[PDB]
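Colleague:
There are 2 protein chains.
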Amino acid sequence: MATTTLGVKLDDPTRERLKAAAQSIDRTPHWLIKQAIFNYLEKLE
Amino acid sequence: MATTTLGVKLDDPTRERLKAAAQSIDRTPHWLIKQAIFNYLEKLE
DNA sequence: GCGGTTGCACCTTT
DNA sequence: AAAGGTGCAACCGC
């Protein structure tokens, strides 16, 4: 993966939700950010 | 929706797929960036 | 101008 | 305190 830092726009409550999801999947929030978008494409294919 | 510019890491091909997905949903790539992540949480709830 | 990209300032966690 | 994770503003590309 060559995940570069991009200017993605996220909401405040959505931020916490993403961090909470990270705990559920047993992954670090920083890692989960990349996984969330990547898995999004994985779910629909 | 108060989507603020945050530091999200995205891969090159992932970015292109995001744009391609935007075309499928009939939305502008700029809008789809924040919609994809938001919809991700919407799909799993 | 709009869309997207980069590095760094600041807040969170060990 | 430090390292990791995060927020914001600026610049280049289309």
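Residue numbers (the authors' numbering), protein chains in the order written: chain B, 46 to 90; chain A, 1 to 45.
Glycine is no exception: its CB is placed at the ideal position from the N, C-alpha and C atoms.
(1) Take B/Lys54 as the anchor and find which of A/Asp11, A/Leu32, A/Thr3 and A/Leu44 has the nearest alpha-carbon.
(2) Return the residue from the list B/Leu51, B/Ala66 and B/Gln68 that minimises the CA-CA distance to A/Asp12.
(3) Name the chain A residues whose beta carbon is nearer than 8 Å to that of B/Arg62?
(4) Please tell me whether B/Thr59 and B/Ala67 are closer than 8 Å, where the distance is taken between their beta carbons.
(5) Write down the C-beta distance between A/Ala36 and B/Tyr85 rounded to the nearest angstrom, noting that I regard them as a contact closer than 8 Å.
Modeller: In short, the structure shows the following:
(1) A/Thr3
(2) Ranking B/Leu51, B/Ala66 and B/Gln68 by Cα distance to A/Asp12 puts B/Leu51 first.
(3) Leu41
(4) no
(5) 6 Å
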